[PDB]
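Input: a single structure, listed below in structure tokens.
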Amino acid sequence: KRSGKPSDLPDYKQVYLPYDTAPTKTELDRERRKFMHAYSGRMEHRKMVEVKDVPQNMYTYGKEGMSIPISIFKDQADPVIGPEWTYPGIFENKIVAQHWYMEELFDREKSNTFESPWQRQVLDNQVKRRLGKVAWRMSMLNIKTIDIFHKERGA
Amino acid sequence: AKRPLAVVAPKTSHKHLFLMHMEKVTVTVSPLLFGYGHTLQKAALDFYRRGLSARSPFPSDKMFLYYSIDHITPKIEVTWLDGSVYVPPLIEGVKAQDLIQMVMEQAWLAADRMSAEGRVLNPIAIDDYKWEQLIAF
Amino acid sequence: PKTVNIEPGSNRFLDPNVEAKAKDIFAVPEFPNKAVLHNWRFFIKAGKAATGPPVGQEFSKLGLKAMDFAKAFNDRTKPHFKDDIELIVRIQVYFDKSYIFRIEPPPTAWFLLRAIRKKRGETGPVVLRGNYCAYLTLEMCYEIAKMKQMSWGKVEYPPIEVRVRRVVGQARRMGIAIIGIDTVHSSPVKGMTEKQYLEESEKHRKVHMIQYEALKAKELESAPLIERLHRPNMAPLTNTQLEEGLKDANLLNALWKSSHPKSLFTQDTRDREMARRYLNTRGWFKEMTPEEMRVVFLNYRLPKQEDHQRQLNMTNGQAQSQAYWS
Amino acid sequence: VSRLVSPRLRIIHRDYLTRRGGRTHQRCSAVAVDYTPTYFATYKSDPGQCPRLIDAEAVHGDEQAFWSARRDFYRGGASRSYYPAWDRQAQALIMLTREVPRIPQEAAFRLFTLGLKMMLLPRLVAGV
Amino acid sequence: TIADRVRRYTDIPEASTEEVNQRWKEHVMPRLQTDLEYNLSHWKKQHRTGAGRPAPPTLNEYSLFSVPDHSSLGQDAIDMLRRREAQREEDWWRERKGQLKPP
């Protein structure tokens, strides 16, 4: 949809650097050279793919002291980013937040070997959805008969 | 009464406890009485929720809860414009849609008796009995 | 150079300045217990609300001169706002035609395209588009998540670390590969070795837990009294007990009494053992003395701090002490 | 012997012939103990001037928010069912049976009744 | 057989509400102020001040009415029974896909 999209896109205004030792040019494109790829899909169906619009320097990118242009209010500029351990659960989310195939999660539960104590919570919220996709799948059939893939598909 | 009362009464199911002609619907219970599971304590208190529901067009400020003490079985008392109070008998096994049906069904009889004594009656907004409606498709 | 605040995760909510006027406009004019007729939703700019088809029409379907609301809107939204901040209005029309509307921060999809500088059509899920779009890092989502609170009366809860997984997932669903995950290496730093980077996370990532739990437990102690009640876990019951325990409820009763953390009212040997004599006839749990049940038949949803506070025999000494006073 | 010796409580019985089973005409009984019509005058006043009956607004404000309340938290979600009536009384029965503060002001006369025997015994003794 | 198949519906709520009557008449009844008619009249006064004292109950005061609750018990037994049926898909499609592997 067109509405609900930003028209003016402010640019990353670096507030203060996160380091005293300049990351010399030589290594910049030596580590960014590693980021132009990012995995996708988490199982045997692991798919290392490409990322368009790669930023140029990631020592400075987001780790600290850069601004993000979600400028909303009148007196609130592009907020600065505090260091990592200043945000709650970040290196804990790194374990939890990701595309989780249930194939990859139920072997972790039936072996009770969770990398994280919240993957027990990203599991329920994932099954509690798929049950809802059924309790809605059926509270509709109490109206009519809805038949999957019975209408034409494609062009 | 200025004339013999009605004979035939409309017979339809009432979803919501709209103020047909009542003036105050009080619901007395005694929380000293207790019970797990479907009892009369539960059947009358959901009738409070089902009346206070954001769905029923009942004026929420006209329903009065009343915690009693002396082991008063849950009473539901409705008062009509003429002031004649009416307690729907809480037969065991009853629940919300019965009481919302009892008081609303009796609401047409009682509003009829008020219209017999000579009380002028008002226009009612809701028409629980579909009369100006036809099923369309 | 200058780290603004060195604390293990104290940047959770906004600045009290911006959080002062955060809820001055994002407030819910309380539900009048009326019967809603229409729950409309719009995108509207900072204060550029018109009487046109976007707003004035749906009122005019109902005969309301929405030339007024737009002003009552701009009576609250014209100041306070950076230019061109498309807000969401939750107009709610009651059976008396009297509306009540909550203004809300921009949709996080609007936030996400800003924080990455991409216009409409540039972003997409990889399975439709084939490429991860603009990068991000978890450090950024934590600030999109600070202007996105479900309850703008209670900005605190759900917590941040639990609603950032929300904005992260919405991002990934748009192609926004953030760096901390999705990639072989996290954000490279000129500070220290990857090990001297990982050894500084293994402490931080766990210091947060005693921070995150306490905030999860302090919220528990304020939850409705029914939310702290006992709900035994069902992971132990195997799916034939779990089914043979649904035909006759007696088993799911005697279970509850059998595995119930010790309280002043459940220190009845005969009561707790009356159950224990019911299960044995049913061939249910027989080799698990009461203790190893409570540690497995506990409400798993308890924060680990209170997960213990109820654990026998931690609640055995002071058990008979706490009672309904009078 | 009054059944419920509380004389204000009056037992009323009502047996009805209601349509059960769709066609039948069964016998349903609505038994109840309710207050004697004596105790109806001071109650059809809205302040509940009749004691033994408390306007629910007293024990807490806005039952419009206390009974209409629904389960809310991470344990509630959007399947936020109403509260079960069995505790929704308890959180109101426990509020009824709280400590009301017996003040020492009443205790003085009761204390003036505590030293009743010990000192009235020598009164008639020393008054001959 | 009549009084049996209805006992599916009431004895358990009775086996409960006959245990509370025990708990009530044992622990709270002794320390219960019997002058309620004065106590209630005190809150009808505290409400006519508006700044009265409606107090919220606490867990220890409330755990008297702690009971086996088939509202939750019967529910999460199904869900846990179900997230085993949801568990036997990824473990099924892993088994079927494991039948294409040679011996």
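Quick reminder, even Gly has a Cβ in these numbers, built from the backbone with ideal geometry, and neighbours come from all protein chains shown. Every number here is computed from the coordinates shown, using simple stated rules; none is lab data.
Tabulate in residue order the Karplus-calculated ³J(HN,Hα) for segment C:41-53, using 6.51 cos²θ - 1.76 cosθ + 1.60 with θ = phi - 60°, rounded to whole Hz; enter x for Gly and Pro.
Result, rounded to whole Hz: 9, 10, 9, 9, 5, 3, x, 8, 9, 10, 8, x, x.
Which of the peptides B:90-98, C:249-257, A:17-25 is most tightly packed, and how do the rest follow, judged by the mean count of other Cβ atoms within 10 Å per residue?
Going from most to least packed, we get C:249-257, B:90-98, A:17-25.
With contacts defined as alpha carbon pairs under 8 Å and 6 or more residues apart, what's the relative contact order of chain C in percent?
Reported relative contact order: 13 percent.
Under a Cβ-only charge scheme (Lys and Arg +1, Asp and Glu -1), can you give me the dipole magnitude of the protein assembly as shown about the Cα centre, in debye to the nearest 20?
My answer is approximately 1500 debye.
Could you name the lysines in cross-link range of C:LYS2, using Cα to Cα under 16 Å and dropping any fewer than eight places away on the same chain?
A:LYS63, C:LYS190
List the relative contact order of segment A:36-155 as a percent without decimals, with contacts defined as Cα pairs under 8 Å and 6+ residues apart.
So the answer I get is 15 percent.
HN-Hα J couplings of segment B:28-41 from phi, Karplus 6.51/-1.76/1.60, θ = phi - 60°, integer Hz, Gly and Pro as x?
With the stated coefficients, segment B:28-41 comes to 9, 9, 10, x, 4, 5, 9, x, 8, x, 5, 10, 6, 4 Hz.
For a quick check: with amide H placed at 1.01 Å from N, whose amide H comes under 5 Å from A:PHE73's, ignoring anything fewer than 5 positions away on the same chain?
Under 5 Å from the amide H of A:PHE73: C:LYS82.
What residues of segment E:73-103 lie in the reach of a label at A:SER139, counting those whose backbone N is under 19 Å from a point 7 Å from the Cα along Cα→Cβ?
Flagged as within label range: E:74-80, E:82-83.
Around D:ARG10, which amide H atoms from residues at least 5 apart in sequence, or from another chain, sit under 5 Å from its own amide H, with H modelled in the peptide plane?
Excluding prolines and chain starts, which carry no amide H, the hits are D:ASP34, D:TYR35, D:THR36.
Using θ = phi - 60° and the Karplus curve 6.51 cos²θ - 1.76 cosθ + 1.60, what whole-Hz ³J(HN,Hα) does each residue of segment B:6-19 get, with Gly and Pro shown as x?
Once rounded to whole Hz, the list reads 5, 10, 9, 10, x, 10, 9, 7, 9, 5, 10, 8, 5, 6.
Within 10 Å of each Cβ of C:3-13, how many other protein chain Cβ atoms are there on average?
5
On a 0 to 90 degree scale, rounded to 10, what angle separates helix E:36-49 from the longest Cα axis of chain E?
Relative to chain E, helix E:36-49 is tipped by roughly 90 degrees.
Under the rule of at least 5 residues apart or a separate chain, name every residue whose amide H is placed under 5 Å from the amide H of C:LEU37.
Here the answer is C:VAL93, C:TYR94, C:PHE95, since their amide H atoms fall under 5 Å of that of C:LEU37.
As an exercise, identify the trypsin sites (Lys or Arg not before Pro) in segment D:1-47 lying in DSSP coil whose Cβ has no more than 16 other Cβ atoms within 10 Å.
D:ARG3, D:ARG8, D:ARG14, D:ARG19, D:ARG20, D:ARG23, D:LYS44
Just want the ordering: C:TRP40, B:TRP108, E:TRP92, from fewest to most Cβ atoms lying within 10 Å of their own Cβ.
Ascending Cβ contact count within 10 Å gives the list E:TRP92, C:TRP40, B:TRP108.
Mean separation of Cα pairs under 8 Å and 6+ residues apart, divided by the residue count of segment C:195-326: what relative contact order is that in percent?
31
May I ask for the angle, rounded to the nearest 10°, between helix C:160-172 and the longest principal axis of chain C, with both axes built from Cα atoms and the value confined to 0 to 90°?
Taking Cα atoms only, the helix is inclined about 60 degrees.
Treating the angle as unsigned and between 0 and 90°, give the value, to the nearest 10°, between the Cα long axis of helix D:116-126 and the longest Cα principal axis of chain D.
30
Pairwise over distinct Cα atoms, reciprocal of the mean inverse distance: report the Kirkwood radius of segment D:60-128 in Å, one decimal place.
17.0
Report the charge-dipole magnitude of segment C:228-310 in Debye, nearest 20, computed about the Cα centre from +1 at each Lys and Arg Cβ and -1 at each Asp and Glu Cβ.
200
Could you list the trypsin sites (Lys or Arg not before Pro) in segment C:156-231 that lie in coil according to DSSP, counting only those with at most 15 other Cβ atoms within 10 Å of their Cβ?
When the trypsin sites (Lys or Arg not before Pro) of segment C:156-231 are filtered for loop state and at most 15 Cβ neighbours within 10 Å, C:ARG173 remain.
Residues with beta-carbon under 11 Å from that of E:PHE65, excluding E:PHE65: net charge, scoring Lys, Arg +1 and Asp, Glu -1?
-2
Given C:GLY175, E:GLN22, A:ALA22, which one lies farthest toward the positive end of the charge dipole of the protein assembly as shown, if we put +1 on the Cβ of every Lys and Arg and -1 on the Cβ of every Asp and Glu?
Highest projection toward the positive end goes to C:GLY175.
So how strong a dipole does segment A:20-108 carry about its Cα centre when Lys and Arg Cβ are +1 and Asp and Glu Cβ are -1, to the nearest 20 debye?
260
Tell me the net charge near A:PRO6. Cut-off is 14 Å between Cβ atoms, A:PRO6 excluded, with +1 for each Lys or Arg and -1 for each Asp or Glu.
Taking every Cβ under 14 Å from that of A:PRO6, the sum is +3.
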